[PDB]
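One file, target.txt, is given below (compact mmCIF, N, CA, C and O atoms).
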# COMPACT_ATOMS: atom_id res chain seq x y z
N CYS A 336 2.45 7.96 -21.55
CA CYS A 336 2.97 6.71 -22.09
C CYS A 336 1.88 5.64 -22.12
O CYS A 336 0.99 5.63 -21.27
N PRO A 337 1.94 4.73 -23.09
CA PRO A 337 0.76 3.92 -23.41
C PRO A 337 0.43 2.84 -22.39
O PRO A 337 1.18 1.88 -22.21
N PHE A 338 -0.71 3.00 -21.72
CA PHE A 338 -1.35 1.92 -21.00
C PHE A 338 -2.61 1.42 -21.69
O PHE A 338 -3.24 0.48 -21.19
N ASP A 339 -3.00 2.02 -22.82
CA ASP A 339 -4.23 1.63 -23.49
C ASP A 339 -4.10 0.26 -24.15
O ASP A 339 -4.98 -0.59 -23.99
N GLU A 340 -3.02 0.03 -24.88
CA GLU A 340 -2.84 -1.20 -25.63
C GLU A 340 -2.51 -2.39 -24.74
O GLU A 340 -2.71 -3.54 -25.16
N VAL A 341 -2.01 -2.15 -23.53
CA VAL A 341 -1.77 -3.24 -22.60
C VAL A 341 -3.03 -3.61 -21.82
O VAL A 341 -3.10 -4.72 -21.27
N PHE A 342 -4.03 -2.73 -21.79
CA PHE A 342 -5.30 -3.02 -21.14
C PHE A 342 -6.43 -3.24 -22.13
O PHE A 342 -7.20 -4.19 -21.97
N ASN A 343 -6.57 -2.38 -23.14
CA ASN A 343 -7.56 -2.61 -24.19
C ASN A 343 -6.98 -3.52 -25.26
O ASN A 343 -6.89 -3.14 -26.43
N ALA A 344 -6.58 -4.73 -24.87
CA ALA A 344 -5.97 -5.69 -25.78
C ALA A 344 -6.96 -6.78 -26.15
O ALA A 344 -7.62 -7.36 -25.29
N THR A 345 -7.06 -7.05 -27.45
CA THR A 345 -8.00 -8.06 -27.94
C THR A 345 -7.58 -9.46 -27.50
O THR A 345 -8.42 -10.25 -27.05
N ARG A 346 -6.30 -9.78 -27.62
CA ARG A 346 -5.79 -11.10 -27.31
C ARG A 346 -4.79 -11.00 -26.16
O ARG A 346 -3.89 -10.14 -26.19
N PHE A 347 -4.93 -11.87 -25.17
CA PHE A 347 -4.04 -11.89 -24.02
C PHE A 347 -3.19 -13.15 -24.04
O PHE A 347 -3.27 -13.98 -24.95
N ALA A 348 -2.35 -13.31 -23.02
CA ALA A 348 -1.37 -14.37 -22.97
C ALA A 348 -1.73 -15.39 -21.89
O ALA A 348 -2.41 -15.08 -20.92
N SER A 349 -1.24 -16.61 -22.10
CA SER A 349 -1.51 -17.70 -21.17
C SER A 349 -0.76 -17.49 -19.86
O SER A 349 0.16 -16.67 -19.76
N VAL A 350 -1.16 -18.26 -18.85
CA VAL A 350 -0.55 -18.11 -17.53
C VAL A 350 0.91 -18.55 -17.55
O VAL A 350 1.75 -17.98 -16.86
N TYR A 351 1.23 -19.58 -18.35
CA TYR A 351 2.62 -20.02 -18.45
C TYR A 351 3.43 -19.15 -19.40
O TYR A 351 4.66 -19.23 -19.39
N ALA A 352 2.77 -18.33 -20.21
CA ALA A 352 3.42 -17.40 -21.13
C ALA A 352 2.98 -15.97 -20.83
O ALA A 352 2.64 -15.19 -21.72
N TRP A 353 2.99 -15.63 -19.54
CA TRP A 353 2.51 -14.33 -19.09
C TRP A 353 3.25 -13.19 -19.79
O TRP A 353 4.48 -13.16 -19.83
N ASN A 354 2.48 -12.25 -20.33
CA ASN A 354 3.01 -11.23 -21.22
C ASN A 354 3.77 -10.16 -20.44
O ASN A 354 3.28 -9.63 -19.44
N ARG A 355 4.97 -9.84 -20.94
CA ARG A 355 5.89 -8.89 -20.34
C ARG A 355 5.84 -7.56 -21.08
O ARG A 355 5.71 -7.53 -22.30
N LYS A 356 5.98 -6.47 -20.33
CA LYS A 356 6.14 -5.13 -20.89
C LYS A 356 7.03 -4.31 -19.97
O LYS A 356 7.00 -4.48 -18.75
N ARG A 357 7.83 -3.43 -20.57
CA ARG A 357 8.66 -2.50 -19.82
C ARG A 357 8.29 -1.08 -20.22
O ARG A 357 8.12 -0.78 -21.41
N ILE A 358 8.17 -0.20 -19.23
CA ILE A 358 7.81 1.19 -19.44
C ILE A 358 8.87 2.08 -18.82
O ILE A 358 9.22 1.91 -17.64
N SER A 359 9.40 3.01 -19.61
CA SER A 359 10.41 3.95 -19.14
C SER A 359 10.34 5.21 -19.98
O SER A 359 9.87 5.20 -21.12
N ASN A 360 10.83 6.31 -19.40
CA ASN A 360 10.92 7.60 -20.07
C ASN A 360 9.52 8.00 -20.51
O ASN A 360 9.21 8.00 -21.71
N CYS A 361 8.63 8.25 -19.55
CA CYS A 361 7.27 8.66 -19.87
C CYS A 361 6.68 9.38 -18.67
O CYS A 361 7.35 9.57 -17.64
N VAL A 362 5.42 9.78 -18.80
CA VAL A 362 4.63 10.30 -17.68
C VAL A 362 3.44 9.37 -17.49
O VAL A 362 2.71 9.08 -18.44
N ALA A 363 3.28 8.87 -16.27
CA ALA A 363 2.25 7.88 -16.00
C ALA A 363 1.03 8.53 -15.36
O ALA A 363 1.13 9.15 -14.30
N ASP A 364 -0.12 8.37 -16.00
CA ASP A 364 -1.38 8.88 -15.48
C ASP A 364 -2.20 7.71 -14.98
O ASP A 364 -2.62 6.86 -15.77
N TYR A 365 -2.24 7.60 -13.65
CA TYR A 365 -2.86 6.42 -13.03
C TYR A 365 -4.25 6.80 -12.55
O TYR A 365 -4.76 6.16 -11.63
N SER A 366 -4.83 7.81 -13.17
CA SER A 366 -6.21 8.17 -12.81
C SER A 366 -7.15 7.56 -13.84
O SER A 366 -8.26 7.16 -13.49
N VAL A 367 -6.68 7.50 -15.07
CA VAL A 367 -7.51 6.95 -16.16
C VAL A 367 -7.41 5.45 -16.08
O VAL A 367 -7.51 4.79 -17.12
N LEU A 368 -7.16 4.93 -14.89
CA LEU A 368 -7.21 3.46 -14.70
C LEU A 368 -8.43 3.22 -13.83
O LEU A 368 -8.32 2.45 -12.88
N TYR A 369 -9.55 3.88 -14.16
CA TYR A 369 -10.72 3.81 -13.27
C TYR A 369 -11.92 3.21 -13.98
O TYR A 369 -12.70 2.48 -13.33
N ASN A 370 -12.08 3.48 -15.26
CA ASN A 370 -13.33 3.04 -15.92
C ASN A 370 -13.11 1.71 -16.64
O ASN A 370 -13.67 1.54 -17.74
N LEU A 371 -12.28 0.86 -16.07
CA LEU A 371 -12.11 -0.46 -16.70
C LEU A 371 -13.45 -1.18 -16.61
O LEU A 371 -13.74 -1.98 -17.51
N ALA A 372 -14.23 -0.83 -15.58
CA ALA A 372 -15.57 -1.45 -15.41
C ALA A 372 -16.18 -1.05 -14.08
O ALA A 372 -15.52 -0.31 -13.32
N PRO A 373 -17.41 -1.48 -13.76
CA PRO A 373 -18.00 -1.27 -12.46
C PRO A 373 -17.42 -2.47 -11.71
O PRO A 373 -17.40 -3.57 -12.23
N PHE A 374 -16.89 -2.22 -10.53
CA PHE A 374 -16.34 -3.33 -9.71
C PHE A 374 -15.16 -4.06 -10.32
O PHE A 374 -15.30 -4.78 -11.32
N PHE A 375 -14.03 -3.88 -9.70
CA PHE A 375 -12.76 -4.55 -9.92
C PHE A 375 -11.94 -4.46 -8.64
O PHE A 375 -12.23 -3.64 -7.76
N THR A 376 -10.92 -5.31 -8.55
CA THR A 376 -10.05 -5.38 -7.39
C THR A 376 -8.80 -4.55 -7.64
O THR A 376 -8.16 -4.69 -8.68
N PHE A 377 -8.45 -3.70 -6.67
CA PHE A 377 -7.29 -2.82 -6.78
C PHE A 377 -6.54 -2.87 -5.46
O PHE A 377 -6.85 -2.12 -4.53
N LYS A 378 -5.54 -3.75 -5.37
CA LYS A 378 -4.72 -3.91 -4.18
C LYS A 378 -3.26 -3.66 -4.54
O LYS A 378 -2.77 -4.20 -5.54
N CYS A 379 -2.58 -2.85 -3.73
CA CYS A 379 -1.17 -2.55 -3.93
C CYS A 379 -0.43 -2.72 -2.61
O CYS A 379 -0.94 -2.34 -1.55
N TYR A 380 0.76 -3.30 -2.68
CA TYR A 380 1.59 -3.56 -1.50
C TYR A 380 2.88 -2.76 -1.60
O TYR A 380 3.57 -2.81 -2.62
N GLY A 381 3.20 -2.04 -0.53
CA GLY A 381 4.43 -1.27 -0.46
C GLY A 381 4.24 0.23 -0.42
O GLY A 381 5.00 0.92 0.27
N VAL A 382 3.26 0.77 -1.15
CA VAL A 382 3.01 2.20 -1.19
C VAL A 382 1.52 2.45 -1.01
O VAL A 382 0.68 1.58 -1.26
N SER A 383 1.20 3.65 -0.55
CA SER A 383 -0.20 4.00 -0.36
C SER A 383 -0.86 4.30 -1.70
O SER A 383 -0.39 5.19 -2.43
N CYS B 480 -18.87 8.49 -0.45
CA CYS B 480 -18.86 7.04 -0.32
C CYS B 480 -20.01 6.52 0.52
O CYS B 480 -20.09 5.30 0.75
N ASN B 481 -20.89 7.40 0.99
CA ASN B 481 -22.07 7.08 1.80
C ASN B 481 -21.79 6.00 2.84
O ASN B 481 -22.64 5.14 3.09
N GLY B 482 -20.61 6.05 3.45
CA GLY B 482 -20.26 5.10 4.50
C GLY B 482 -20.24 3.66 4.05
O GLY B 482 -20.61 2.77 4.83
N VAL B 483 -19.81 3.39 2.82
CA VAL B 483 -19.70 2.03 2.32
C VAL B 483 -18.36 1.88 1.60
O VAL B 483 -17.80 2.85 1.08
N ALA B 484 -17.85 0.66 1.59
CA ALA B 484 -16.58 0.38 0.94
C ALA B 484 -16.72 0.46 -0.58
O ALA B 484 -17.81 0.32 -1.14
N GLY B 485 -15.60 0.71 -1.23
CA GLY B 485 -15.57 0.81 -2.68
C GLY B 485 -14.28 1.48 -3.12
O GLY B 485 -13.41 1.80 -2.32
N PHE B 486 -14.18 1.68 -4.44
CA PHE B 486 -13.01 2.34 -5.00
C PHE B 486 -12.93 3.77 -4.49
O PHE B 486 -13.94 4.46 -4.37
N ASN B 487 -11.71 4.21 -4.18
CA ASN B 487 -11.43 5.50 -3.56
C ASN B 487 -12.10 5.66 -2.20
O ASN B 487 -12.19 6.78 -1.69
N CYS B 488 -12.58 4.56 -1.62
CA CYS B 488 -13.22 4.56 -0.30
C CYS B 488 -12.54 3.46 0.52
O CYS B 488 -12.99 2.31 0.51
N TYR B 489 -11.47 3.82 1.22
CA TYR B 489 -10.65 2.86 1.94
C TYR B 489 -10.77 3.08 3.44
O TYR B 489 -10.80 4.22 3.91
N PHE B 490 -10.85 1.98 4.18
CA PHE B 490 -10.96 2.06 5.63
C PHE B 490 -9.58 2.35 6.21
O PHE B 490 -8.65 1.55 6.01
N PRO B 491 -9.40 3.46 6.93
CA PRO B 491 -8.04 3.91 7.26
C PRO B 491 -7.39 3.20 8.44
O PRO B 491 -6.73 3.83 9.26
N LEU B 492 -7.56 1.88 8.52
CA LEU B 492 -6.88 1.06 9.51
C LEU B 492 -6.31 -0.17 8.83
O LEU B 492 -6.82 -0.62 7.80
N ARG B 493 -5.24 -0.72 9.41
CA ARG B 493 -4.57 -1.88 8.85
C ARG B 493 -4.09 -2.77 9.99
O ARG B 493 -3.95 -2.31 11.12
N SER B 494 -3.85 -4.04 9.68
CA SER B 494 -3.44 -5.00 10.69
C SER B 494 -2.01 -5.49 10.44
O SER B 494 -1.48 -5.40 9.33
N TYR B 495 -1.40 -6.03 11.49
CA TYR B 495 -0.05 -6.57 11.45
C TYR B 495 0.00 -8.06 11.14
O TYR B 495 0.77 -8.47 10.27
N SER B 496 -0.78 -8.88 11.85
CA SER B 496 -0.80 -10.33 11.67
C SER B 496 0.59 -10.92 11.90
O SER B 496 1.23 -11.49 11.00
N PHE B 497 1.05 -10.77 13.14
CA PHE B 497 2.36 -11.28 13.53
C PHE B 497 2.32 -12.79 13.72
O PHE B 497 1.39 -13.32 14.34
N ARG B 498 3.32 -13.48 13.19
CA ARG B 498 3.50 -14.91 13.37
C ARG B 498 4.94 -15.18 13.79
O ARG B 498 5.85 -14.45 13.39
N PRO B 499 5.16 -16.22 14.59
CA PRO B 499 6.52 -16.52 15.05
C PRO B 499 7.53 -16.81 13.95
O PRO B 499 8.69 -17.11 14.24
N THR B 500 7.12 -16.74 12.68
CA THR B 500 7.92 -17.26 11.58
C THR B 500 8.63 -16.20 10.76
O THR B 500 9.58 -16.53 10.04
N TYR B 501 8.20 -14.94 10.82
CA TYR B 501 8.79 -13.91 9.97
C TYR B 501 10.25 -13.66 10.35
O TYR B 501 10.76 -14.17 11.34
N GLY B 502 10.94 -12.85 9.54
CA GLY B 502 12.34 -12.58 9.75
C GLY B 502 12.60 -11.67 10.93
O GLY B 502 11.69 -11.06 11.49
N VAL B 503 13.88 -11.57 11.29
CA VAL B 503 14.28 -10.88 12.51
C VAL B 503 13.92 -9.40 12.45
O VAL B 503 13.77 -8.74 13.49
N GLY B 504 13.75 -8.84 11.26
CA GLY B 504 13.46 -7.43 11.13
C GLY B 504 11.98 -7.11 10.97
O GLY B 504 11.63 -6.02 10.51
N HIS B 505 11.11 -8.04 11.34
CA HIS B 505 9.67 -7.84 11.19
C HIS B 505 8.85 -8.14 12.43
O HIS B 505 7.64 -7.88 12.41
N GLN B 506 9.43 -8.68 13.49
CA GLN B 506 8.66 -8.97 14.69
C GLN B 506 8.26 -7.68 15.40
O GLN B 506 8.91 -6.65 15.23
N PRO B 507 7.20 -7.72 16.20
CA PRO B 507 6.80 -6.53 16.96
C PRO B 507 7.86 -6.11 17.96
O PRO B 507 8.60 -6.93 18.51
N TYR B 508 7.92 -4.80 18.20
CA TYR B 508 8.79 -4.21 19.21
C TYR B 508 7.95 -3.37 20.16
O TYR B 508 6.98 -2.73 19.74
N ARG B 509 8.33 -3.36 21.43
CA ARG B 509 7.64 -2.58 22.44
C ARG B 509 8.42 -1.30 22.68
O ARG B 509 9.64 -1.35 22.92
N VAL B 510 7.74 -0.15 22.61
CA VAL B 510 8.39 1.15 22.65
C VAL B 510 7.74 2.00 23.74
O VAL B 510 6.51 2.10 23.81
N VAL B 511 8.58 2.61 24.57
CA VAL B 511 8.14 3.55 25.60
C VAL B 511 9.00 4.81 25.51
O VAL B 511 10.23 4.72 25.39
N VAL B 512 8.35 5.97 25.57
CA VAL B 512 9.00 7.26 25.42
C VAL B 512 8.77 8.06 26.69
O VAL B 512 7.63 8.22 27.13
N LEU B 513 9.86 8.56 27.28
CA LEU B 513 9.81 9.39 28.47
C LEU B 513 10.10 10.83 28.09
O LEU B 513 11.11 11.11 27.45
N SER B 514 9.22 11.74 28.51
CA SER B 514 9.33 13.16 28.24
C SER B 514 9.47 13.92 29.55
O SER B 514 8.68 13.71 30.48
N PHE B 515 10.48 14.79 29.62
CA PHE B 515 10.77 15.63 30.77
C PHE B 515 10.47 17.09 30.43
O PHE B 515 10.13 17.44 29.30
N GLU B 516 10.61 17.95 31.44
CA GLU B 516 10.51 19.39 31.25
C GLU B 516 11.39 20.05 32.32
O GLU B 516 10.96 20.24 33.46
N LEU B 517 12.62 20.37 31.93
CA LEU B 517 13.61 20.91 32.86
C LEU B 517 13.47 22.43 32.89
O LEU B 517 14.09 23.15 32.10
N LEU B 518 12.65 22.92 33.82
CA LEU B 518 12.39 24.35 33.95
C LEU B 518 12.30 24.68 35.43
O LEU B 518 12.67 23.88 36.30
N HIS B 519 11.81 25.88 35.73
CA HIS B 519 11.69 26.37 37.10
C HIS B 519 10.30 26.03 37.62
O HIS B 519 9.29 26.46 37.04
N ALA B 520 10.25 25.28 38.72
CA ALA B 520 8.99 24.78 39.26
C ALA B 520 9.23 24.21 40.66
O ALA B 520 10.38 24.09 41.09
N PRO B 521 8.17 23.86 41.39
CA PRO B 521 8.36 23.21 42.70
C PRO B 521 9.20 21.93 42.67
O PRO B 521 9.53 21.43 43.75
N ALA B 522 9.53 21.39 41.50
CA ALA B 522 10.37 20.20 41.37
C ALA B 522 9.75 19.01 42.10
O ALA B 522 10.25 18.52 43.12
N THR B 523 8.63 18.56 41.55
CA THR B 523 7.85 17.50 42.18
C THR B 523 8.62 16.18 42.26
O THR B 523 8.54 15.47 43.27
N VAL B 524 9.36 15.83 41.21
CA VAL B 524 9.95 14.50 41.07
C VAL B 524 11.45 14.62 40.85
O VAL B 524 11.90 15.44 40.04
N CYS B 525 12.22 13.82 41.59
CA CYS B 525 13.62 13.55 41.28
C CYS B 525 14.17 12.49 42.22
O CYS B 525 13.50 12.04 43.15
N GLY B 526 15.42 12.10 41.96
CA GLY B 526 15.95 10.82 42.38
C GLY B 526 16.63 10.78 43.73
O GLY B 526 16.53 11.69 44.56
N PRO B 527 17.36 9.68 43.97
CA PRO B 527 17.92 9.33 45.29
C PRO B 527 19.24 10.00 45.66
O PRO B 527 20.34 9.47 45.47
For this file, produce the structure as structure tokens.
Amino acid sequence: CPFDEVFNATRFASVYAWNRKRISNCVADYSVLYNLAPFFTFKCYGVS
Amino acid sequence: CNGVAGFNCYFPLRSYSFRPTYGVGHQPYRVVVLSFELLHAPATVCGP
């Protein structure tokens, strides 16, 4: 399911108009969330 | 990870940071566990 267009997006949204998306009925591959760049912050609360 | 922090290189310890202000279900608790072994032996220990 598409995470490319929500990350490789040309135009983003303002802080007061923070952009919403809902994802359901898909398979999520959270490994290809690695080459966004050298050095980025990845913190998650609740699960390992 | 050559012994340095980074992505996929996480230090396997975490902290609590207890403050008097959190909710009733988050304060520290003190736990002690007593283990016995009821078998055949010289019976070193028992009560009054």
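Atom to atom, atom O of residue 370 (chain A) and CA of residue 486 (chain B) stand 12.8 Å apart.
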Mind running chain A against chain B at 8 Å and telling me each contacting residue's nearest atom pair with the distance in Å (one decimal), counting only N, CA, C and O atoms, chain and number ascending, as a Markdown table?
| residue | atom | partner | partner_atom | distance |
| --- | --- | --- | --- | --- |
| A:374 | CA | B:486 | N | 7.6 |
| A:375 | O | B:486 | N | 6.6 |
| A:377 | O | B:486 | CA | 7.6 |
d(atom N of residue 337 (chain A), atom C of residue 488 (chain B)) in Å: 27.7 Å
DSSP on the backbone: which residues in chain A end up as helix (DSSP H, G or I)? Give the answer as a PyMOL selection string. chain A and resi 339-342
Could you please determine the separation between CA of residue 497 (chain B) and atom C of residue 484 (chain B) in Å, to one decimal place? 26.5 Å
Atoms kept (N, CA and C atoms) for region 509-524 of chain B, as a compact mmCIF listing (two decimals), in the first residue's frame:
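File selection08.txt, as written:
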# COMPACT_ATOMS: atom_id res chain seq x y z
N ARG B 509 7.13 -1.90 44.38
CA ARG B 509 8.20 -2.73 44.91
C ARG B 509 7.72 -4.17 44.97
N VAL B 510 8.50 -5.09 44.39
CA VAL B 510 8.08 -6.47 44.22
C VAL B 510 9.14 -7.39 44.80
N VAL B 511 8.70 -8.35 45.62
CA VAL B 511 9.56 -9.39 46.17
C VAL B 511 8.89 -10.74 45.96
N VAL B 512 9.68 -11.71 45.51
CA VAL B 512 9.20 -13.04 45.16
C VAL B 512 9.92 -14.05 46.04
N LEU B 513 9.15 -14.90 46.72
CA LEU B 513 9.68 -15.96 47.57
C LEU B 513 9.49 -17.30 46.88
N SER B 514 10.57 -18.06 46.77
CA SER B 514 10.58 -19.37 46.14
C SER B 514 10.95 -20.43 47.16
N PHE B 515 10.15 -21.49 47.23
CA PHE B 515 10.35 -22.62 48.12
C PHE B 515 10.72 -23.86 47.32
N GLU B 516 11.02 -24.94 48.03
CA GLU B 516 11.26 -26.24 47.41
C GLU B 516 10.85 -27.30 48.44
N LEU B 517 9.62 -27.79 48.31
CA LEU B 517 9.05 -28.73 49.27
C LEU B 517 9.40 -30.14 48.82
N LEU B 518 10.53 -30.65 49.32
CA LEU B 518 11.01 -31.98 48.96
C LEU B 518 11.60 -32.63 50.21
N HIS B 519 12.32 -33.73 50.00
CA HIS B 519 12.93 -34.49 51.08
C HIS B 519 14.35 -33.99 51.30
N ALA B 520 14.64 -33.52 52.51
CA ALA B 520 15.92 -32.91 52.83
C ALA B 520 16.05 -32.74 54.34
N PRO B 521 17.23 -32.36 54.84
CA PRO B 521 17.37 -32.10 56.29
C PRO B 521 16.40 -31.06 56.85
N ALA B 522 15.65 -30.34 56.01
CA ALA B 522 14.65 -29.37 56.45
C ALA B 522 15.30 -28.27 57.31
N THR B 523 16.12 -27.47 56.64
CA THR B 523 16.91 -26.45 57.32
C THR B 523 16.03 -25.39 57.98
N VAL B 524 14.96 -24.97 57.31
CA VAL B 524 14.18 -23.80 57.72
C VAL B 524 12.71 -24.19 57.87
